[PDB]
Structure formats: structure tokens, C-alpha cells
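Single-structure report; data block below.
In PDB author numbering, the protein residues as written are 1 to 330.
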């Protein structure tokens, strides 16, 4: 089997991407944030505290003839931005782009933090990291990809995120028309439950490539590119007027600037992030100070190849017995 679904930016900055997901019988379609940095599929629901729902589409398990309460199961998660959610769990039929999994754990939110309430466009998350990170207790549950894997033509999914444009998540096959050149594969460590890999280095603009190992995670659920302070300083030093602002919470730059590209290494191959991709717009409405898309990871504990990086590539998440990651230009 295979599946193929279009993923669409939630706003003009590509802050996140949503992909329609069919849950239950008859189908209830919710727009979920596909997140390769977490492993829970959770949704706004009929059980979510009323004051915490503001425009989202909800899953109502009582209206699904295939929903079953997973007795005694609860979940609670927090993300890198400090947001969180928690609730109970149902199993139900879940389909993505024509690919159907029965008995998928659908985690129903009883509580969500303010950042979720405040974002009307995201109805929940669909985790695509390794199932070892799944938060369901007392019986940990498998991700949608893990449940689908054995049925897929090939045990892979691909992320093809657009810049200010829709893109595609495919399951079970590699669309050879979707990228240029070849896909370079690189080793993955699953020890932390993430798609963790080691970039071979970087360049800033037309500058020389610096060979240096940068461990990090491929994370579709993080907007920006978070890298070591040395690397990030080297990037922003090429932008007149750019500075790290403690009050804003990262590097900012004059909105009048033309940003240089940033290249990262994947083995001997190179992925080029165009400078425009690194512009996240005014820090507040009407400001001439713009927020940078490359930021320091120093306060996080891990480097994160978020959407800014991933959307410059066609990315293969290879879930074979020994997982690997593939990157191609496009």
C-alpha cells in the first residue's frame, strides 16, 4: 500500500504545515501537524476543555462507529516551545492520503496549552518520530507510520515541504519526479527516539564550505533551523545590522537586508537553503526588525534541522530495520 497527502503552510511565514487526516467512521477530517520530532497522534476533541477550543475542528469519538476507548490509557506531552497537551485515548481507523491504519491510537485532548488554543489552524499532531517516545501510559502506543509499515510497499515516508507553497507527504514510495539529482543517504541514531543524524558541515552564502560534524534531528514539527552558536554567529555576521536580541529571543536583522543562503552537508552532498527561506518577517506588526530563521541551539541541548532546512530538500525517512535519512535537492 501507499499514501500521498498534500501539506499546506498554516500562514504566510510557513510557521507550520497541516495535512488532512481522516479519523473514524464515517470519516472526520482534521488538519494535523505532521511532526517527525514527536510520536503521539493527538487531536482536539469533544472532550477538550471548552474554554481551550477556539476554532479548531474536533474529533468526536461517540460519532465514530469504529472508535473504542483504550481503557485506562492516558497521555501527556510537552514540546520544545513549552507547549503541552494531555488526555485519554481511543483506537480508531485513521487514513492519510489513501493509506488506512485500523486500531490506531488516537489521543484525545482533555487539556491543551494556550499556544494550541490560540492557533485555530492546527487540529492536532501526528507524530512520526520513533514509537519509543510515545507518551501513552501504561501501555505505550505505536505511531501511524509504525502501524502502517508492514503494509507499505517500502517502509519509508518522505517529506517534501514547500516554501510559501503546498508540498507533499508520501508513505510507502519514493516519487522520483519530485527531486533533482540523486538522494544521499546518511546514518541515523534512534537512541534518543529521534531521526538523529550528523551533517558534514556548512557554508554561508558563496563562502567556503567548513567540514565539521553537526549532530541534529530532522524535525518537521519545528519551524526554524537551530544550530551551534559558532555556526549561527558566522551566518549572521554576513548580514549588516544583524544582532542577537535577548529581549526578542534570538537573532534579528534589518528587514531591508538581502539574506545570504546557507548550505548544509549530507555526506559529500550539499543542500542549499536560499536566503529568502531564512526571513521570518517583522518581529511585531509594522516593525522594521525581522526575525531570523537560523537560531542558536545553545539553550536547547540538541541541534534541530527544522522546516527552514527540510523544505529546501526532498527528505526520505527510511524506516527499514536500520533506519536512515535521505536528502535530495529539488
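Ideal placement from N, C-alpha and C gives every residue a C-beta, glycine not left out.
Task: Pair within 9 Å by beta-carbon distance, residue 111 and residue 137 - done: no
TODO: With a threshold of 16 other CB atoms inside 10 Å of the CB of residue 299, please say whether the residue is buried or exposed.
DONE: exposed
Open item on the list: Could you check whether the region 127-134 touches the region 96-104, counting it as contact only if at least three pairs of C-beta atoms, one from each stretch, sit closer than 8 Å?
Closed with: no
TODO: Identify the continuous beta strand (DSSP E) that holds residue 69 and give its terminal residues.
DONE: Element bounds for residue 69: 68-78.
Task: According to DSSP, residues forming a beta bridge with residue 254 - done: 289
Task: Touching by the beta-carbon criterion (3+ pairs, under 8 Å), the region 229-237 and the region 91-99 - done: At 8 Å Cβ cutoff, the stretches do not touch.
Task: Continuous alpha helix (DSSP H) stretch holding residue 146: start and end - done: Residue 146: member of the alpha helix (DSSP H) spanning 144-148, first to last residue.
Open item on the list: Starting from residue 229, trace the alpha helix (DSSP H) in both directions and tell me its first and last residue.
Closed with: In this chain, the alpha helix (DSSP H) harbouring residue 229 covers 229-236.
Open item on the list: Out of 152, 181 and 184, which one is the CA nearest neighbour of residue 173?
Closed with: Comparing alpha carbon positions, the residue from 152, 181 and 184 closest to residue 173 is 152.
Open item on the list: Please state the DSSP three-state secondary structure of residue 50.
Closed with: Three-state DSSP puts residue 50 in a helix.
TODO: On a CA-only basis, which of 148, 325 and 27 is nearest residue 3? Give me that one, please.
DONE: Nearest of 148, 325 and 27 to residue 3, Cα basis: 148.
Task: Paired residues, beta bridge with residue 272 - DSSP - done: 263
Task: Beta carbon of residue 325 nearer than 9 Å to that of residue 186 - done: One thing to note: residue 325 has its Cβ within 9 Å of the Cβ of residue 186.
- [ ] Inspect the beta-carbon positions of residue 207 and residue 303 and report whether they are closer than 9 Å.
- [x] No.
- [ ] Would you identify the three-state DSSP class for residue 308, choosing helix, strand or coil?
- [x] helix
Task: Of the residues 141, 57, 64 and 278, the one placed nearest residue 73, counting alpha carbons only - done: That would be 141, whose Cα lies nearest to the Cα of residue 73.
Task: Best match in 57, 46, 37 and 13 for proximity to residue 21 [C-alpha to C-alpha] - done: 57
TODO: Starting from residue 115, follow the alpha helix (DSSP H) in both directions and report where the run begins and ends.
DONE: 114-117
TODO: Measure the Cβ-Cβ separation of residue 271 and residue 309 and say whether it is below 9 Å.
DONE: yes
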